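Novice: Structure in C-alpha cells, see below.
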Amino acid sequence: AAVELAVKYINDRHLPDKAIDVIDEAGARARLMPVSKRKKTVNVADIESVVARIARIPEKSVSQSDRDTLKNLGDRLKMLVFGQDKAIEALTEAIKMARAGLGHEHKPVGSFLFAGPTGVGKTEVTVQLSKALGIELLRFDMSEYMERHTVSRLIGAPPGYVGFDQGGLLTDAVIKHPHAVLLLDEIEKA
Amino acid sequence: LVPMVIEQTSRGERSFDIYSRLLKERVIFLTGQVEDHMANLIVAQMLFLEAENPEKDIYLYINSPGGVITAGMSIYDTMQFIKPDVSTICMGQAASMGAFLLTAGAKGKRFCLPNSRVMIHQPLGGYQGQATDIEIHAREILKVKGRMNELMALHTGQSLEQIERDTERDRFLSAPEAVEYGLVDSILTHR
Amino acid sequence: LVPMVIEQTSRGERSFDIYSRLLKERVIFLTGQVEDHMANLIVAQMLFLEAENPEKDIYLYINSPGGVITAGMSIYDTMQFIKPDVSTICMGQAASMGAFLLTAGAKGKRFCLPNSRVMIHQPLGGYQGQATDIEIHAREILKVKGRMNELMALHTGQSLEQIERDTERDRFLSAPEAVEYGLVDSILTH
Ligand SMILES: Nc1ncnc2c1ncn2[C@@H]1O[C@H](COP(=O)(O)OP(=O)(O)O)[C@@H](O)[C@H]1O
C-alpha cells in the first residue's frame with residue numbers, strides 16, 4: 001500500500017526513498033501514539049494517515065472514513081443553496097466516484113462549467129462545497145487575465161525574477177492546498 | 001442612411017447595421033422593384049443562413065411592388081432548393097412577382113398582415129421587331145405565364161383553370177381574401 | 001452630413017451617429033415622403049427596440065408631408081403588433097398618411113406640438129387604360145378609402161359619418177383642434 005500510495009501522491013521524490021520514509025515514519029508514529037502495551041502490528045490505516053500528511057491531504061481522502069459526510073453532502077448543500085438542486089447532485093456524484101476509487105487515474109476529480117445567468121448562486125454552491133468538505137477555496141477572476149502578458153503569471157514569473165519560492169500563482173496555489181476547490185470566474189473573457 | 005446598432009458579445013461589443021443585425025436572426029427584407037442585383041443579394045443571404053443552421057426557418061418580409069420575372073425565379077428556386085422553410089410575410093403590398101414569392105413559402109409559414117394588399121396579374125412584356133422575331137418572344141412570354149400559373153396552382157392549391165381566369169386581368173386580394181384564395185395560411189396576429 | 005456623437009461606456013468610448021444614438025434612447029425619427037425603403041427602415045428600428053425592452057415605450061416623431069399609402073400600412077401594422085406603446089409626437093407637417101400614424105399611436109401617449117399642422121385628406125391616386133382595368137383600380141381605391149376611414153374612427157373614436165365628411169375634401173387641422181377630434185391626446189406640457 002505504502003509504495004502504491006506514495007507513487008500516486010508523492011511525485012516530487014523518487015520511489016525507493018518515499019516508500020522508506022513513510023515506513024520509518026509509520027513505525028515511529030506507532031511508538032509515540034500508545035501509552036503502554038498496545039498493538040504492535042501496523043495497519044494500513046496508520047500507513048494511509050502518514051502518507052496523507054506528507055502530501056498535505058487532510059487524512060479523509062485516503063480512505064472513505066467519513067462516509068457520513070458524503071451521505072448528507074447533497075442535503076447540506078441543498079439547504080444552504082435554495083434552487084438549482086440539479087446542479088448539486090452532479091458535483092456530489094463526482095466526489096463519490098473518486099473517493100470510491102472509480103475516478104480518473106490521470107485527470108482531476110471533476111471538470112465542470114457552470115453556464116447560467118449572472119447573480120445565480122454558481123459561486124455560492126462552490127463556496128458551500130469547500131466549507132462543507134473542509135478544503136481551501138481558490139477563486140481566480142479571469143477578467144484580470146484577458147491580455148497575453150497576464151497569462152504568463154499563471155505558469156511562470158516576470159522575466160528577471162528568480163521566483164524560487166513563489167513561482168506561478170495557479171501552479172503553486174494548488175501545492176499549498178492539494179485538496180481544494182479551484183474556481184474561475186468569467187472564463188469566457190479569459 | 002442606415003442606423004447602426006450595438007449587440008453584446010462575451011469578448012466585446014459588436015456593432016452592426018440595422019439590416020445586418022436582422023440577418024443574424026434569419027430575417028431577410030425584400031423591398032422595391034425586383035432586379036437581378038437586389039435578387040442576387042437575397043439569394044446570397046439565403047445560402048448564408050442555411051449553413052449557419054439548416055434546420056431553423058428563414059423569414060422573408062415582402063414589401064415589393066413587382067419586378068422582372070427572371071430574377072424572381074432565382075429567389076423562388078433558391079427557396080425550394082434549400083432545406084430551411086422560408087416564412088413569407090406580406091408587408092404593405094405584394095404584386096404579381098411578390099405574391100408569387102409570397103405563396104412560394106412553406107405550407108404553414110405563409111402570412112399576411114391584416115392591412116396588407118395582394119395584387120396578381122399576368123406577366124407584362126413587349127417586343128418591337130420583325131414578325132419572325134416577335135413570334136419567338138410571344139411564345140416565350142406565353143410559356144412563362146404557363147410556368148407561373150402551374151406553380152401558383154401548386155402552392156395555392158387552386159386549379160389551373162381558376163388561376164387563368166383570375167390572372168387574365170389584374171385583381172386585388174385583401175388580407176382575409178388571401179387566406180380563402182389559398183395564398184397564405186392565416187393572418188399574423190399571434191405566435 | 002450627419003454628425004457623430006461620442007458615447008460614454010465603462011470599457012471605452014464609442015462613436016455613433018446622432019440618429020443611431022437616439023435609437024439607444026428608443027427615439028425613432030420619420031421625415032420625407034413615405035416610401036417603401038424608408039418604411040422598412042422604421043420597421044427595423046421598431047423590431048430592434050422591442051427585443052431590447054418590450055415594456056419601455058417607444059417615441060416616434062413625424063415630420064412627413066405624406067406618401068404612398070401601402071408602405072404606411074407596414075408601419076401601422078407593426079406598431080399595433082409590437083407590444084411597446086409608440087408615443088407619436090407630431091413635430092411638423094402631417095398629411096393624410098402622416099396623420100394616420102399619429103392616430104395609430106397608443107392612447108394616452110399621443111402628442112402634438114402646439115404649432116404643428118395636421119391635414120387629412122382622402123387617398124389620391126389614378127390609373128389610365130382600358131375601362132375594364134380602370135374598374136378594378138377604381139374599386140380598389142374606394143375599398144382602401146373605407147379601410148383607412150374605418151381605422152381612423154377606431155383610434156379617434158368618431159363616427160364613420162364624421163370621418164367621411166372631414167376626409168372627403170382636403171382639411172387642415174391645428175394642434176388644439178386635434179384634441180377635440182380625438183386625433184391626439186394632448187399637447188406636450190414641457
Ligand atoms: N440559490 C441561492 N441561494 C442562496 N443565496 C444565493 C443563491 N444564488 C445566489 N445567492 C446569493 O447571491 C449572491 C451572489 O452569488 P454568487 O454565487 O457569487 O453569484 P454569481 O455566480 O453570479 O457570481 C450571494 O450573496 C449569494 O449568497
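By order of appearance in the C-alpha cells: chains A, B, ..., then residues from 1 within every chain, and ligands from 1 in the order shown.
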Produce a table with one row for each residue of chain A that has an atom at most 7 Å from any atom of ligand 1, each row naming the nearest atom pair and its distance in Å at one decimal; use only C-alpha atoms and all ligand atoms; arrange rows by chain and rising residue number; format as a tab-separated table.

Specialist:
residue	atom	partner	partner_atom_place_in_ligand_line	distance
A:80	CA	ligand 1	3 (N)	6.4
A:81	CA	ligand 1	3 (N)	3.8
A:82	CA	ligand 1	1 (N)	4.4
A:83	CA	ligand 1	1 (N)	5.1
A:84	CA	ligand 1	1 (N)	6.8
A:117	CA	ligand 1	22 (O)	6.7
A:118	CA	ligand 1	22 (O)	3.9
A:119	CA	ligand 1	22 (O)	3.1
A:120	CA	ligand 1	8 (N)	4.1
A:121	CA	ligand 1	8 (N)	3.1
A:122	CA	ligand 1	21 (O)	3.8
A:123	CA	ligand 1	17 (O)	3.5
A:124	CA	ligand 1	17 (O)	3.8
A:125	CA	ligand 1	17 (O)	6.8

Novice: Based on the selection just made, write C-alpha atoms of those residues as a tab-separated table (two decimals), in the first residue's frame.

Specialist:
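So the final result, stored in part34.tsv, reads:
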chain	number	residue	atom	x	y	z
A	80	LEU	CA	-27.81	26.28	2.05
A	81	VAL	CA	-28.37	26.89	-1.69
A	82	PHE	CA	-32.10	27.02	-2.44
A	83	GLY	CA	-32.75	26.13	-6.07
A	84	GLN	CA	-30.68	24.55	-8.84
A	117	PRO	CA	-27.42	33.86	-15.54
A	118	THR	CA	-25.22	36.24	-13.61
A	119	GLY	CA	-26.19	36.55	-9.95
A	120	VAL	CA	-27.44	32.99	-9.54
A	121	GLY	CA	-25.54	31.04	-6.93
A	122	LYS	CA	-22.95	29.39	-9.15
A	123	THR	CA	-20.09	30.50	-6.92
A	124	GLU	CA	-22.26	30.04	-3.82
A	125	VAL	CA	-22.59	26.28	-4.30

Novice: Going by DSSP on the backbone, which bits of chain A are helix (DSSP H, G or I)? Write them as a ChimeraX atom specification, please.

Specialist: /A:2-9,15-32,44-55,67-71,73-80,85-99,122-133,148-154,171-176

Novice: Which of these, A:76, A:148, A:86, A:8, has the shortest distance to residue A:114 once you count only C-alpha atoms?

Specialist: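 Closest to residue A:114 of all the choices is A:86.
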
Novice: Excluding residue B:37 and its own-chain neighbours fewer than 6 positions away, which residues fall within 12 Å of it when counting only C-alpha atoms? Please give them as a list in words.

Specialist: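 Here the qualifying residues turn out to be residues 43, 44, 67, 68, 70, 71, 72, 74 and 75 of chain B.
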
Novice: If you count only C-alpha atoms, which residues fall within 9 Å of residue C:39, apart from same-chain ones fewer than 5 positions away, as a PyMOL selection string?

Specialist: chain C and resi 30+34+44+71-72+74-75

Novice: So that I can see what lies close to residue C:109, please list as a PDB file with N, CA, C and O atoms, in the first residue's frame the residues with an atom at most 8 Å from it, counting only C-alpha atoms and leaving out residues fewer than 5 positions away in the same chain.

Specialist:
ATOM      1  N   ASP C  85     -45.681  50.570 -26.500  1.00  0.00           N
ATOM      2  CA  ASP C  85     -46.592  51.631 -26.893  1.00  0.00           C
ATOM      3  C   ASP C  85     -45.801  52.761 -27.539  1.00  0.00           C
ATOM      4  O   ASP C  85     -44.963  53.391 -26.886  1.00  0.00           O
ATOM      5  N   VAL C  86     -46.062  53.009 -28.815  1.00  0.00           N
ATOM      6  CA  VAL C  86     -45.386  54.076 -29.543  1.00  0.00           C
ATOM      7  C   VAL C  86     -45.999  55.417 -29.168  1.00  0.00           C
ATOM      8  O   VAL C  86     -47.226  55.579 -29.170  1.00  0.00           O
ATOM      9  N   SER C  87     -45.144  56.380 -28.838  1.00  0.00           N
ATOM     10  CA  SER C  87     -45.557  57.730 -28.462  1.00  0.00           C
ATOM     11  C   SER C  87     -45.344  58.631 -29.673  1.00  0.00           C
ATOM     12  O   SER C  87     -44.269  59.195 -29.871  1.00  0.00           O
ATOM     13  N   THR C  88     -46.383  58.762 -30.491  1.00  0.00           N
ATOM     14  CA  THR C  88     -46.298  59.580 -31.695  1.00  0.00           C
ATOM     15  C   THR C  88     -46.287  61.060 -31.334  1.00  0.00           C
ATOM     16  O   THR C  88     -47.225  61.559 -30.703  1.00  0.00           O
ATOM     17  N   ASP C 185     -53.991  62.968 -28.055  1.00  0.00           N
ATOM     18  CA  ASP C 185     -54.412  63.060 -26.661  1.00  0.00           C
ATOM     19  C   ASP C 185     -54.305  64.486 -26.135  1.00  0.00           C
ATOM     20  O   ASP C 185     -55.301  65.079 -25.705  1.00  0.00           O
TER      21      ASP C 185
END

Novice: Show me which bits of chain C are within 8 Å of chain B, counting only C-alpha atoms, as a list in words.

Specialist: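 The contacting residues on chain C are residues 16, 17, 19, 20, 36, 37, 40, 41, 44, 45, 70, 71, 72, 73, 74, 77, 81, 133, 136 and 140 of chain C.
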
Novice: Can you write out the residues you just picked, keeping N, CA, C and O atoms, as a CSV table (one decimal), in the first residue's frame?

Specialist:
chain,number,residue,atom,x,y,z
C,16,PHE,N,-21.0,57.1,-32.4
C,16,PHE,CA,-22.2,56.7,-33.1
C,16,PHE,C,-22.8,58.0,-33.7
C,16,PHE,O,-22.5,59.1,-33.3
C,17,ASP,N,-23.6,57.8,-34.7
C,17,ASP,CA,-24.2,59.0,-35.4
C,17,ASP,C,-25.3,59.5,-34.5
C,17,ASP,O,-25.8,58.9,-33.5
C,19,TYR,N,-28.5,60.0,-35.2
C,19,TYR,CA,-29.7,59.2,-35.3
C,19,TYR,C,-29.5,57.9,-34.5
C,19,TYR,O,-30.5,57.4,-33.8
C,20,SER,N,-28.4,57.2,-34.7
C,20,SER,CA,-28.2,56.0,-34.0
C,20,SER,C,-28.2,56.1,-32.5
C,20,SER,O,-28.7,55.3,-31.8
C,36,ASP,N,-41.3,52.9,-49.7
C,36,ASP,CA,-41.1,51.5,-49.3
C,36,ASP,C,-39.8,51.3,-48.5
C,36,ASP,O,-39.8,50.6,-47.5
C,37,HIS,N,-38.7,51.9,-49.0
C,37,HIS,CA,-37.5,51.7,-48.3
C,37,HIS,C,-37.4,52.4,-47.0
C,37,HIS,O,-36.9,51.9,-46.0
C,40,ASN,N,-39.4,50.4,-44.3
C,40,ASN,CA,-38.8,49.2,-43.8
C,40,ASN,C,-37.7,49.6,-42.8
C,40,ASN,O,-37.4,48.8,-41.9
C,41,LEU,N,-37.1,50.8,-43.0
C,41,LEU,CA,-36.1,51.2,-42.0
C,41,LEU,C,-36.7,51.5,-40.7
C,41,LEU,O,-36.1,51.1,-39.6
C,44,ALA,N,-37.6,48.2,-39.0
C,44,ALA,CA,-36.5,47.5,-38.5
C,44,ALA,C,-36.1,48.1,-37.1
C,44,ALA,O,-35.8,47.3,-36.2
C,45,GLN,N,-36.2,49.4,-37.0
C,45,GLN,CA,-35.9,50.0,-35.7
C,45,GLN,C,-36.9,49.6,-34.6
C,45,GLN,O,-36.5,49.4,-33.5
C,70,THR,N,-49.6,52.3,-49.2
C,70,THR,CA,-49.3,50.9,-48.9
C,70,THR,C,-48.1,50.7,-48.0
C,70,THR,O,-48.2,50.0,-47.0
C,71,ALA,N,-47.1,51.5,-48.2
C,71,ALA,CA,-45.9,51.4,-47.3
C,71,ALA,C,-46.2,51.9,-45.9
C,71,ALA,O,-45.7,51.4,-44.9
C,72,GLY,N,-47.1,52.9,-45.8
C,72,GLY,CA,-47.5,53.3,-44.5
C,72,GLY,C,-48.2,52.3,-43.6
C,72,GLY,O,-48.1,52.3,-42.4
C,73,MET,N,-48.9,51.4,-44.3
C,73,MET,CA,-49.6,50.3,-43.5
C,73,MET,C,-48.6,49.4,-42.8
C,73,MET,O,-48.9,48.9,-41.7
C,74,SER,N,-47.5,49.2,-43.5
C,74,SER,CA,-46.4,48.3,-42.9
C,74,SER,C,-46.0,48.9,-41.6
C,74,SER,O,-45.6,48.1,-40.6
C,77,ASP,N,-49.2,48.4,-39.0
C,77,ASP,CA,-49.4,47.1,-38.6
C,77,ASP,C,-48.3,46.7,-37.5
C,77,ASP,O,-48.6,46.0,-36.5
C,81,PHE,N,-48.8,45.6,-33.7
C,81,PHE,CA,-48.4,44.2,-33.4
C,81,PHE,C,-47.3,44.2,-32.3
C,81,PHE,O,-47.4,43.4,-31.3
C,133,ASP,N,-59.9,47.6,-66.9
C,133,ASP,CA,-58.9,47.7,-65.9
C,133,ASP,C,-59.1,48.8,-64.9
C,133,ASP,O,-58.9,48.7,-63.7
C,136,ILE,N,-61.3,47.8,-61.9
C,136,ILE,CA,-60.6,47.1,-60.8
C,136,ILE,C,-59.9,48.1,-59.9
C,136,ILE,O,-60.0,48.1,-58.7
C,140,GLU,N,-60.7,49.3,-56.1
C,140,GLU,CA,-59.7,49.1,-55.1
C,140,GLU,C,-59.4,50.3,-54.2
C,140,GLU,O,-59.3,50.2,-53.0

Novice: Just how far from atom CA of residue A:2 is atom CA of residue A:28, in Å to one decimal?

Specialist: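 That distance, rounded to one decimal, is 15.2 Å.
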
Novice: Using DSSP on the backbone coordinates, identify all residues within stretch 13-143 of chain A classified as strand (DSSP E); present the result as a ChimeraX atom specification.

Specialist: /A:136-141

Novice: Show which residues sit within 8 Å of stretch 59-65 of chain A, as a PyMOL selection string. Count only C-alpha atoms, and ignore same-chain residues fewer than 3 positions away.

Specialist: chain A and resi 45+48-49+52-53+99-100

Novice: What gap, in Å, lies between atom CA of residue C:84 and atom CA of residue C:57?

Specialist: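 It comes out at 5.1 Å.
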
Novice: Can you build me a table of chain B residues sitting at most 12 Å from chain A, with the closest atom pair per residue and its distance in Å to one decimal, using only C-alpha atoms, sorted by chain and residue number, as a Markdown table?

Specialist:
| residue | atom | partner | partner_atom | distance |
| --- | --- | --- | --- | --- |
| B:9 | CA | A:189 | CA | 10.0 |
| B:10 | CA | A:189 | CA | 6.4 |
| B:11 | CA | A:189 | CA | 5.7 |
| B:12 | CA | A:189 | CA | 8.9 |

Novice: How would the residues just chosen look if you wrote them out with C-alpha atoms as a PDB file, in the first residue's frame?

Specialist:
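Produced file part.pdb, reproduced below:
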ATOM      1  CA  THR B   9     -20.898  39.584 -27.017  1.00  0.00           C
ATOM      2  CA  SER B  10     -18.713  37.906 -24.394  1.00  0.00           C
ATOM      3  CA  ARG B  11     -15.403  39.228 -25.733  1.00  0.00           C
ATOM      4  CA  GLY B  12     -16.547  42.728 -26.686  1.00  0.00           C
TER       5      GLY B  12
END

Novice: Just give me the gap between atom CA of residue C:119 and atom CA of residue C:95 in Å, one decimal is fine.

Specialist: 5.1 Å

Novice: If we count only C-alpha atoms, what is near stretch 105-109 of chain B at a cut-off of 8 Å, once residues fewer than 4 positions away on the same chain are taken out, given as a ChimeraX atom specification?

Specialist: /B:79,85-88,101,155,184-185

Novice: Using only C-alpha atoms, pick whichever of B:145, B:77, B:84, B:62 has the shortest atom-to-atom distance to residue B:48.

Specialist: B:84

Novice: Go through B:148, B:73, B:118, B:134 one by one, measure the shortest atom-to-atom distance of each to residue B:181 using only C-alpha atoms, and give the residue with the smallest value.

Specialist: B:118
